[PDB]
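Protein chains in written order, with our numbering: chain A, 804 to 1035; chain B, 804 to 1035; chain C, 108 to 228; chain D, 2 to 222.
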Ligand SMILES: OC[C@H]1O[C@H](O[C@H]2[C@H](O)[C@@H](O)[C@@H](O)O[C@@H]2CO)[C@H](O)[C@@H](O)[C@@H]1O
Ligand SMILES: [Rb+]
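Spelled out as structure tokens, the structure:
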């Protein structure tokens, strides 16, 4: 149930911030699926079932955020203005990226569909695939991911700033410090794509290849940033 | 976590009125964002991202109301008919002003966009900008703001009326009295714009300038009303 | 009689409970005393008179006692030595000789009333 | 919140085998707030109401401190009028009680008299300096007033050091509320003759001997 055996969970009682938060997460994953049109005919029914792969990817992504949220509020049981503020920023980012994720997930499902050879349907429905549009694709979703992890870092730092008020022990202080580092390291990868895309060194698709390729090397690049700080 | 150190929080346990209320607040902020159309193409995606500034302003506004709600139910733990009634009136006002806020936020974002020089898109989409329409804009949103603060004053007065039943101490009585004054003072500013607009002294845009200008002088005008009652 | 000198702001009652278990297992009396200005009363009394058997104070005062010849050299076996952190032993060393037994590290902190001040300076 | 809505409440409660309000009618200190609510015309109004309560069989004729206290603590009456001192006996009983503002009469509030519990030294005492020691260094201290207060509550203590503790008590708040709506009694030598005049007046009107108009006539003399 819990992550650490040395952590004393201050947020076992459910609060308004957590209840409100659960409503928003449930609404996000629910409206992602149920924002679709109701099938009126067999043809619509089969079309609607092609959407499950894109939705599975979106849902998986949202619960992962929900989990991090659950663990934070479980650890610290925080309920102050600044926690409320940072919490709102988080849910706000989530909300604005629900329908854009539905889009990205459908787009990438067609691209990966073409590769593997499952389907051969058109991508002209998405509009023109231009350099500017493919760059804005990275910058958009990259800015989204960066923000979510950035906010999680700020939230843990707020708990670190209230370590004494929360009566955090040496183990708990260490966890909190490690959780900040983790979230900043997570945020760094989308920050690096975003910056590379915005400068655009090549002036062509090469930029987008590199930017996209940093996510495939998430684990190794995270280890490099972590190793640089430990080596000094 | 708490506002006052002398206040004994009667509403630390979550109740049905608070749970129901959280659902409504979550739904308001969620449907504000997710009432938009799902992007089907890159062009829609970029259009949808122009909506984040208007949404941030709306969201910020709604959580501020949610916070006041959280603090009230935390303070008194009330659950009676009259509290339910006043609570419903509040949520009702909120709900009817969700989509109108989306509108106002988009409108003002274009007006402020033009000023700063970020964008140069048309305002003809909003309809004709006539004196009658710009007056109704003030009266509408002014009536909304007035009501929210009016209801918060009534809610605190209901707690004041039940001071003995709630076993309120001298510090808590003082807080409650101060919270009534605060909410009436907050309500006064939209009440003053609304009245000025409805009388319409100039018979032209000048009326709307003054009415709109009272919100920019919120803090100072609130201090004048507060100073008048203390001076006698 | 085993006499111990420790400051009055410390846990002399608890130190006595250890002393009471010692008498049960040996037969020696363990009285615990806490006199005022013991840091500057010890080097005067212990030099001339008898004073205490064992003196408890922060390590900083012990070098002066060691130079003056007011303290016996500590000779603890490896197994006892190994029970304590090696950095702690360094604090109780003067001219390559162990002059005391390290007990605990002490540092001042900001003690605050959470009710009167939730977010202290 | 009003005196005038007690008869309705009493009708409701008497059906369920319970009284609405029982308080000491014998001692005029308890009846004075109702009498002095408006004010004369005010004394005539306030007393006539009190007379009508006994005439309508809502309150008993010879209601005293003991049968009122006992009835409230037993759980027979829904309300009672009393001071800080009475709280401890309620706590002893299993009655979830509240202390609040006295009911209003003719819109205006009921003005209860305010007393300052005070310790004086007898002029014909040889232990004047020993009593001063007791009063100053032992009684009028944080520790001293605490001891008295945990037995039977003193109310709003005169000690400056006790402000925080007083302010934390909801019953004290209600006491101070009523004290502000009332007024401090003058210490004058005529207070004795005054109190006697009111004590008789209230008893006569309660029992059914003298009229409300004739009660104020004999009392003003
Ligand atoms: O009843 C008239 C009587 O009232 C006041 O006495 C109060 C006293 O102050 C209280 O402490 C309480 O014990 O009850 C008394 C009445 O029962 C006046 O102080 C007194 O002069 C007057 O006789
Ligand atoms: Rb819909």
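Virtual Cβ for every residue (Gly too), placed ideally from N, Cα, C.
| Asked | Found |
| --- | --- |
| Please give me, in chain order, every unbroken run of the alpha helix (DSSP H) with length at least 4 that falls completely inside the stretch 957-1003 of chain B. | 973-1002 |
| As a quick check of your reading: which residues have a C-beta less than 5 Å from at least one non-hydrogen atom of ligand 1, in chain order? | 28(D), 29(D), 30(D), 116(D) and 196(D) |
| In the DSSP output, what is residue 20(D) paired with across the bridge? | 78(D) |
| What in chain D is Cβ-close to residue 976(B), meaning under 9 Å? | 171, 174 and 178 |
| In chain C, which residues lie with their C-beta within 8 Å of the C-beta of residue 968(A)? | 221, 225 and 226 |
| Here's the rule I'm using: 16 or more other beta-carbon atoms within 10 Å means buried, otherwise exposed. How should residue 12(D) be labelled? | exposed |
| Would you mind working out which of 884(B), 1008(B), 949(B) and 859(B) sits nearest residue 993(B), comparing C-alpha positions? | 949(B) |
| Hey, is residue 1023(B)'s beta-carbon within less than 8 Å of any beta-carbon in chain C? | no |
| Determine, using beta carbons only, whether residue 156(C) and residue 149(C) come nearer to each other than 8 Å. | no |
| Which of the three DSSP states, helix, strand or coil, is assigned to residue 33(D)? | helix |
| Could you please give the first and the last residue of the uninterrupted beta strand (DSSP E) stretch that includes residue 914(A)? | Element bounds for residue 914(A): not the beta strand (DSSP E) but the alpha helix (DSSP H), 901-919. |
| Give, in chain order, every unbroken run of the beta strand (DSSP E) that is at least 3 residues long and sits entirely within the stretch 133-179 of chain C. | 137-140 |
| Near residue 149(D), which residues of its chain fall below 7 Å by C-beta distance, leaving aside the five closest residues on each side in sequence? | 155 |
| By DSSP, does residue 109(C) sit in helix, in strand, or in coil? | strand |
| Exposed or buried, what is residue 224(C) when buried is set at 16 or more other beta-carbons lying within 10 Å of its beta-carbon? | exposed |
| Quick check: the stretch 811-818 of chain A against the stretch 860-880 of chain A, are at least 3 beta-carbon pairs closer than 8 Å? | yes |
| Out of 890(A), 833(A) and 904(A), state which residue places its alpha-carbon closest to the alpha-carbon of residue 940(A). | 904(A) |
| When the Cα atoms are used, what is the spatial distance from residue 901(B) to residue 839(A)? | 22 Å |
| For residue 998(A), which option in 1011(A), 986(A) and 987(A) has the closest C-alpha, if you only look at C-alpha atoms? | 1011(A) |
| Check whether the Cβ of residue 99(D) lies closer than 8 Å to any Cβ atom in chain B. | yes |
| Once DSSP output is grouped into helix, strand and coil, what is the label at residue 134(D)? | helix |
| Between the stretch 90-105 of chain D and the stretch 58-78 of chain D, can you find at least three pairs of beta-carbon atoms closer than 8 Å? | yes |
| Am I right that residue 105(D) and residue 4(D) are in contact with their C-beta atoms under 8 Å? What's the rounded C-beta distance? | 7 Å |
| Buried or exposed: residue 1009(A), going by 16 or more other Cβ atoms within 10 Å of its Cβ? | exposed |
| Quick check on residue 868(A): does DSSP put it in helix, strand or coil? | helix |
| For residue 844(A), does the three-state DSSP call read helix, strand or coil? | coil |
| Kindly indicate which three-state DSSP category residue 185(D) falls into: helix, strand or coil? | strand |
| Inspect the beta-carbon positions of residue 928(B) and residue 857(B) and report whether they are closer than 8 Å. | no |
| Beta-carbon within less than 6 Å of residue 989(A)'s beta-carbon, same chain only, minus the 5 sequence neighbours each way: which residues are those? | 952 |
| In chain order, what residues of the same chain lie with their CB nearer than 8 Å to the CB of residue 23(D), ignoring the 5 residues before and after it? | 60, 61, 64, 68, 69, 72, 73, 77, 78, 80 and 81 |
| In the DSSP output, what is residue 205(C) paired with across the bridge? | 200(C) |
| At least one CB of chain C closer than 8 Å to the CB of residue 903(B): is that the case? | no |
| For residue 27(D), which of 197(D), 41(D), 164(D) and 10(D) has the nearest alpha-carbon? | 197(D) |
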